[PDB]
Amino acid sequence: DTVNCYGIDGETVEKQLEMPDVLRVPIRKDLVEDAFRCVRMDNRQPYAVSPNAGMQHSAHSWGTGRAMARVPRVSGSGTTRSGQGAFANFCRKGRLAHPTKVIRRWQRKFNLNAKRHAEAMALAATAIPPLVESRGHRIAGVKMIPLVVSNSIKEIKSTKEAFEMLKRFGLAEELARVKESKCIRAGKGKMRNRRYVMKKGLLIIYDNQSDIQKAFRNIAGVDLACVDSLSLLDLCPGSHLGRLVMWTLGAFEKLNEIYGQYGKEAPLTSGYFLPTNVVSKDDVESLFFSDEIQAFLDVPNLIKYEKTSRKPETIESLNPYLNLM
Amino acid sequence: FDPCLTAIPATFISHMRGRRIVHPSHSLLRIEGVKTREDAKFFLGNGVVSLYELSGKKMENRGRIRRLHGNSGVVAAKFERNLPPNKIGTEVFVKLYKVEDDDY
Amino acid sequence: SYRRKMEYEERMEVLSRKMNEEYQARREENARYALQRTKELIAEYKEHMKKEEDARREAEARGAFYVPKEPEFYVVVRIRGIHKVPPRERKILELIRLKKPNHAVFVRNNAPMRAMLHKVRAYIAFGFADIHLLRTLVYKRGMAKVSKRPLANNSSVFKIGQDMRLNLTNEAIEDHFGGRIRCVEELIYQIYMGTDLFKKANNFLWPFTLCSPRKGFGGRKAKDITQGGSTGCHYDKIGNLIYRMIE
Amino acid sequence: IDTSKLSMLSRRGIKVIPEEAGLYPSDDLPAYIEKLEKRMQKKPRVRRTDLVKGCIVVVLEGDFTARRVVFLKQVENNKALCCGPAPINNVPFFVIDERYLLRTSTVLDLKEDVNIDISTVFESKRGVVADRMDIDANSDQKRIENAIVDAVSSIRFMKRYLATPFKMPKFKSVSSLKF
Amino acid sequence: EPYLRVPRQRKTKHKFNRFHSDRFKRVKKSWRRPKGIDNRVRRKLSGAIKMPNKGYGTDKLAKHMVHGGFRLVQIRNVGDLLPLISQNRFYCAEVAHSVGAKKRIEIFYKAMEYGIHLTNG
RNA sequence: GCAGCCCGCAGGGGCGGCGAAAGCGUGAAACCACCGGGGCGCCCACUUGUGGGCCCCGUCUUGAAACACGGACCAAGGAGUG
RNA sequence: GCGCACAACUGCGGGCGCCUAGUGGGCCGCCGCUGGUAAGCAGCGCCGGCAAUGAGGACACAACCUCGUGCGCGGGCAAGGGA
RNA sequence: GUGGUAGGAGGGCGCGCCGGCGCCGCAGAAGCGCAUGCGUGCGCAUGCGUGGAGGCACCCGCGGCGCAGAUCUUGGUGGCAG
Ligand SMILES: [Mg+2]
Ligand SMILES: [Mg+2]
Ligand SMILES: [Mg+2]
Ligand SMILES: [Mg+2]
Ligand SMILES: [Mg+2]
Ligand SMILES: [Mg+2]
Ligand SMILES: [Mg+2]
Ligand SMILES: [Mg+2]
Ligand SMILES: [Mg+2]
Ligand SMILES: [Mg+2]
Ligand SMILES: [Mg+2]
Ligand SMILES: [Mg+2]
Ligand SMILES: [Mg+2]
Ligand SMILES: [Mg+2]
Ligand SMILES: [Mg+2]
Ligand SMILES: [Mg+2]
Ligand SMILES: [Mg+2]
Ligand SMILES: [Mg+2]
Ligand SMILES: [Mg+2]
Ligand SMILES: [Mg+2]
Ligand SMILES: [Mg+2]
Ligand SMILES: [Mg+2]
């Protein structure tokens with residue numbers, strides 16, 4: 001397992017890198033989902049009703065004896081609001097019972113080491129071409145997955161040349177799928193400054209020595225993320241593993257520094273070790289057919305019996321010896 | 001073809017029932033001239049037809065005399081479609097051939 | 001990889017076909033043996049009954065009175081339903097395996113079992129079956145209480161709490177009694193002559209889920225038969241209920 | 001690496017309209033239907049041993065349905081060859097179901113072989129009174145008709161018997177229904 | 001026309017309307033299990049309507065079958081016809097309601113090419 | 001997006017007029033007019049009008065059809081949350 | 001430590017831990033009672049029930065009798081009956 | 001093996017919005033009305049009519065998430081009653 005590093009020509013193999021040990025991590029899909037749930041509510045902004053809402057009356061219960069329910073009635077006279085019910089959640093213009101507060105816990109804590117494992121497993125999902133095409137990316141034209149582009153990516157100044165560069169990497173069908181997928185959102189979210197939805201396309205991971213922010217950010221279907229700070233919102237957007245990721249050579253060679261190699265600490269991340277699985281081999285249910293296990297087994301009972309009957313004519317017919325006396 | 005040429009008329013007297021609960025899949029018939037239980041054994045398994053008209057169009061609801069009922073020659077019959085309680089008191093015609101419980 | 005899965009599945013395919021042909025040839029050889037062993041034991045039933053009649057008529061040839069040894073088992077039918085049963089009587093009907101009415105069992109003719117039958121005698125009809133009632137009850141409504149054995153070569157590992165009610169085949173009998181009994185008549189013989197294998201033979205029989213009797217119980221079935229009911233010691237006339245209950 | 005546990009649920013294949021329903025029971029439905037249709041497979045019907053060749057019988061449910069005829073031969077699929085002789089009662093050769101023949105006690109003395117070319121004989125079903133085409137070439141049917149016209153001539157009133165349509169006996173008891 | 005003829009076999013022609021949905025128009029006919037203390041349907045008294053049970057469930061293999069043996073398939077475009085090409089006899093295809101008449105024309109023509117039975121047309 | 005013609009003191013009506021249509025979006029239910037069809041309130045059975053089975057729900061209660069209380073109807077709202 | 005050894009009958013898997021609800025107005029029958037002239041009264045014991053148990057039979061009828069209860073079909077019955 | 005109040009548990013149906021992912025819509029979306037079908041059931045899908053611009057499915061995530069009752073709240077409407 002060695003990956004090619006392509007020029008902006010898109011066909012010439014410049015280097016042949018080994019796969020970083022992050023991209024060989026066996027993926028715990030539950031752990032990446034558990035971390036994505038808490039990471040998604042990091043920018044969760046508070047909402048609440050007004051603390052006065054519904055409570056701005058001098059309302060009192062009229063008591064019993066007036067052939068009316070005991071709910072607080074709006075005081076005064078001469079208006080249509082007068083005498084109407086107030087203060088209750090069942091009342092019109094009443095305070096909602098259990099009003100929403102801003103002291104709600106909007107953010108969720110997740111252990112930093114467990115979040116780092118899920119970032120590692122979401123990174124390994126991008127290195128699996130069955131996963132990347134399973135989440136909707138059109139990766140037929142793409143050379144490798146992981147597609148690594150050289151650090152001469154920073155010499156692209158205009159986004160016309162950047163769109164042409166992604167075109168000769170076989171991402172033309174991928175970008176066109178995202179650009180045409182732009183449609184208006186289907187709910188009341190279109191009122192709340194979330195009018196347009198489009199699909200998630202290519203993610204480009206770069207480092208500070210290959211900064212391609214200006215020339216690439218405007219292409220529809222291209223997200224850019226620095227390698228020093230990978231969120232799960234980019235790596236598995238929508239809790240669905242296998243984001244199509246194009247690497248620069250600077251970001252790809254830093255993966256063995258951010259997460260380290262197997263059995264070793266990470267150099268750039270203090271006190272991080274890549275996760276250890278509970279199994280060694282892949283597809284451990286296939287170990288059942290190994291001859292080490294297969295010799296160990298007792299012989300199972302494969303006798304297929306006839307279905308029993310309870311009716312007295314059939315079970316006399318099974319042992320037809322009643323009439324012999 | 002008259003039904004009374006070859007078939008013995010029997011009056012649909014009741015469904016098979018308790019004092020209150022009625023099981024309408026089995027219809028009780030009183031065959032004419034049959035007055036005892038052993039006399040009605042001659043008609044066990046015999047086919048029976050109930051002839052009626054729907055919008056002036058003649059229909060035959062066919063059945064089988066399934067079991068005896070009582071000591072007085074009343075027999076229980078099961079038909080293709082259950083007899084309506086409107087037809088209680090009307091006649092159904094008991095055939096002189098045996099039919100089977102599967103094949104009416 | 002994918003090879004070792006497929007070479008496993010055709011290895012179990014051969015092993016399934018091989019041991020199923022072996023199981024069928026076991027069934028045919030057992031049924032061929034069973035047809036012999038019924039005729040041998042029925043002759044032993046006739047010889048045992050003829051010896052008692054010859055013992056009885058020789059005693060009345062002299063002045064004497066001969067009653068034989070009373071049978072090694074009772075046949076017990078649950079008459080009353082499961083409602084309104086006090087906790088002692090409800091427990092005894094559980095240990096007799098009589099959990100519904102119109103259920104029938106064999107219990108041993110013991111002194112402890114006779115005291116158990118006496119305490120629930122307002123709920124049961126019990127008596128003495130002869131060999132014809134014994135054989136009719138087992139051949140017409142006889143099922144086996146069989147524990148599942150998941151391994152073919154190891155009959156020692158099995159499941160405790162789950163017992164299947166299956167047909168009383170020869171192979172079910174041959175598996176329970178480890179080759180000692182292998183036919184239905186040979187199971188009757190342990191019931192009839194009360195051998196050491198009685199407790200194993202009787203418990204191997206599932207309780208006889210009989211029908212309610214033809215022509216009814218003929219009255220008020222809950223009271224004793226000494227008062228006109230159907231509930232108590234039907235000393236040797238217990239076949240007058242049970243033969244009507246089988247079909 | 002098996003991606004099938006790792007991947008998102010792929011809905012591109014087949015969208016069955018109740019999504020609780022599966023794709024299609026391609027495996028289990030043949031075993032279920034073959035068990036089901038054998039369950040409503042009606043029982044094999046007993047061929048009755050009551051009818052003898054040349055026994056006079058009255059058809060109960062057919063095209064003719066009150067006609068004294070004579071019984072010739074039991075045919076396959078539960079049918080029976082009968083001919084109340086067409087000179088006498090204007091009834092052609094036919095096959096009906098075996099059960100619709102009410103058996104009467106009197107038998108004719110017919111010695112001829114009844115293994116006829118049954119392939120084209122008009123079969124009378126139960127309820128339909130469908131107007132069949134008239135009489136045909138009758139290769140062996142003319143011979144065996146004349147043999148039972150020979151048989152009916154020996155017995156005195158038997159010609160009027162087969163001509164007269166059947167009337168129900170006046171019921172007094174089931175002993176009176178002996179025939 | 002089906003590959004295997006599945007009988008209908010619904011265990012009742014009952015509908016299980018909600019209790020008192022005949023008497024009150026505020027009580028819609030969608031079934032709610034009645035939970036009152038004296039309620040005659042919950043108590044299963046004779047004369048009350050029946051409540052849905054596990055016992056009324058149709059057979060697992062006969063379930064959600066249309067036109068005898070077929071199973072319904074939602075179709076939104078001509079691409080949905082492509083997985084149904086091999087399995088014509090197992091599925092009756094149904095175009096979704098929101099599909100426009102322009103795309104219903106292209107579905108109708110490709111379905112008779114691939115031999116797929118459309119319940120809409 | 002009008003007032004041409006006929007009628008009316010008039011409001012207006014009718015033939016028209018504009019417009020893709022709506023004519024101050026959609027237009028549920030309660031309820032009402034007319035027309036058409038049919039006469040159990042429900043469940044079952046079938047050959048649809050018969051038979052059989054069904055008291056009023058909620059609730060508190062040892063016990064509710066209760067001569068216990070709440071409920072005219074309908075829509076919307078409406079109660080274990082932070 | 002060595003040696004001996006599976007112990008009436010019948011049935012049958014069993015033991016233990018953790019967390020938590022509802023409940024803490026009961027009523028009725030049987031048998032046995034206490035107070036009371038008695039009570040569809042009041043208070044107990046044992047078991048069963050209702051409450052929360054439909055269905056059948058009791059003319060209807062929380063508790064009586066039969067008897068439990070998925071949805072059907074077929075049979076046989078129970079209590080109770082058969083002008 | 002199959003009753004079930006208080007009660008506990010499991011699996012689903014449904015609603016607003018979210019991150020995704022498959023799509024649909026002026027050649028007519030949602031909604032609505034009437035039908036048909038599916039479904040033990042919550043409910044779902046379609047047809048026709050209306051409508052005139054959005055919507056659906058699934059996976060996820062958040063929740064002010066499901067009503068016949070509260071002399072409920074608000075609005076509308078009956079009978080009473082010409
Ligand atoms: Mg407010
Ligand atoms: Mg919406
Ligand atoms: Mg409007
Ligand atoms: Mg209570
Ligand atoms: Mg009170
Ligand atoms: Mg009440
Ligand atoms: Mg009162
Ligand atoms: Mg009131
Ligand atoms: Mg609401
Ligand atoms: Mg009292
Ligand atoms: Mg009870
Ligand atoms: Mg009762
Ligand atoms: Mg009653
Ligand atoms: Mg009987
Ligand atoms: Mg239950
Ligand atoms: Mg509950
Ligand atoms: Mg929606
Ligand atoms: Mg939906
Ligand atoms: Mg709320
Ligand atoms: Mg409401
Ligand atoms: Mg309520
Ligand atoms: Mg008013």
Let's test the formula: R0 of 30 Å, r as the Cβ-Cβ distance of A:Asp291 and C:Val157. What FRET efficiency results, to the nearest 0.05? 0.80
Pairs of Cα atoms farther than 25 Å apart, segment A:140-290, %: 43
Of B:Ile65, E:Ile105, B:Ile13, how do they rank once you tally other Cβ atoms within 10 Å and put the fewest first? E:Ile105, B:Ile13, B:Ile65
Using bins 10 angstrom wide from zero, how does P(r) for chain B break down, in % of all Cα pairs? 16, 52, 28, 4
Percent antiparallel among DSSP beta bridges confined to the protein assembly as shown, rounded to 5, stands at 80
Taking 7 Å along the Cα-to-C-beta vector as the label spot, tell me the D:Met40-D:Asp28 distance in nanometres, rounded to one decimal. 2.1
What does DSSP give for chain A in terms of the percent of beta bridges that are antiparallel, rounded to the nearest 5? 45
Can you give the helix-only mean residue ellipticity at 222 nm for chain E, where every DSSP H stretch with n ≥ 4 adds -39500 (n - 2.57) and the sum goes over all residues, rounded to the nearest 500 deg cm²/dmol? -3500 deg cm²/dmol
Summing -39500 (n - 2.57) over every DSSP H run of at least 4 residues in chain A and dividing by its residue count gives a helix-only mean residue ellipticity at 222 nm, to the nearest 500 deg cm²/dmol, of -6000 deg cm²/dmol
Amide H neighbours of C:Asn109 under 5 Å, counting only residues 5+ apart in sequence or on other chains, H built in-plane at 1.01 Å? C:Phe73, C:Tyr74
Label-zone membership for segment D:37-57, site C:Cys211, 7 angstrom Cα→C-beta point, backbone N under 11 Å: none
Reachable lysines, given that their alpha-carbon falls under 21 Å from the alpha-carbon of A:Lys179 and they are not under 8 places away in the same chain: A:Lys160, A:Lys167, A:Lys190, A:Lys199, A:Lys200, A:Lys214
All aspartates and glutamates inside 19 Å of C:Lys84 as judged from Cα atoms, apart from same-chain residues fewer than 8 positions distant: C:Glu94, C:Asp224
Low-density loop trypsin sites (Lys or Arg not before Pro), segment A:226-325, at most 13 other Cβ within 10 Å, DSSP non-H/G/I/E/B, are A:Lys264, A:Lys281, A:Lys304, A:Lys307, A:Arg310
Which ³J(HN,Hα) values in Hz, rounded to whole numbers, follow from the phi angles of segment E:24-40 under the Karplus curve 6.51 cos²θ - 1.76 cosθ + 1.60, where θ = phi - 60° and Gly and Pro get x? 9, 7, 6, 9, 6, 7, 4, 6, 10, 6, x, 10, x, 7, 9, 6, 5
Relative pair counts by distance (%), Cα atoms of chain A, 20 Å bins: 22, 35, 20, 18, 4, 0
Filter on B:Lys35/D:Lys38; A:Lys304/D:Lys38; A:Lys115/A:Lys182 - keep pairs with C-alpha separation over 29 Å: B:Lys35/D:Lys38; A:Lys115/A:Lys182
Relative to the present Cα-Cα distance, how much length would full extension add between A:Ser158 and A:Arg70 at 0.36 nm per residue of separation? 24.4 nm
Given the DSSP H assignment, sum -39500 (n - 2.57) over each helix run of at least 4 residues in chain C and divide by its residue total; what's the result at 222 nm in deg cm²/dmol, nearest 500? -15500 deg cm²/dmol
Taking a straight Cα-to-Cα line shorter than 13 Å from A:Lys281, and setting aside same-chain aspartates and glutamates fewer than 8 residues away, one finds D:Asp2
Over chain C: Kirkwood hydrodynamic radius from C-alpha pairwise inverse distances, Å: 20.6
Exceeding the 31 Å Cα-Cα cut-off - candidates D:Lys79/E:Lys60; A:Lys154/D:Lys5; D:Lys42/D:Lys111; C:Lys140/E:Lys54; B:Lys41/D:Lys53: D:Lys79/E:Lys60; A:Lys154/D:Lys5; D:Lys42/D:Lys111; C:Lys140/E:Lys54
Above-threshold pairs, the threshold being 22 Å between Cα atoms, out of C:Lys159/C:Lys200; C:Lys159/C:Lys199; A:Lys307/E:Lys63: A:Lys307/E:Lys63
Taking the Cα atoms of the protein assembly as shown, what is the range of coordinates along each of the three principal axes, in descending order and whole Å? 124, 86, 86
Quick one: check the C-alpha center-to-center distance for segment A:219-236 versus segment D:103-179, whole angstrom. 96
Calculate, for A:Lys264 and C:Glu13, the FRET efficiency according to 1/(1 + (r/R0)^6) with r their C-beta to C-beta distance and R0 56 Å; round to the nearest 0.05. 0.70
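Read the figures in this text as sums done on the coordinates, not as results from a lab. Every residue, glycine as well, gets a Cβ built from its backbone with ideal geometry; the counts of neighbours run over all protein chains shown.
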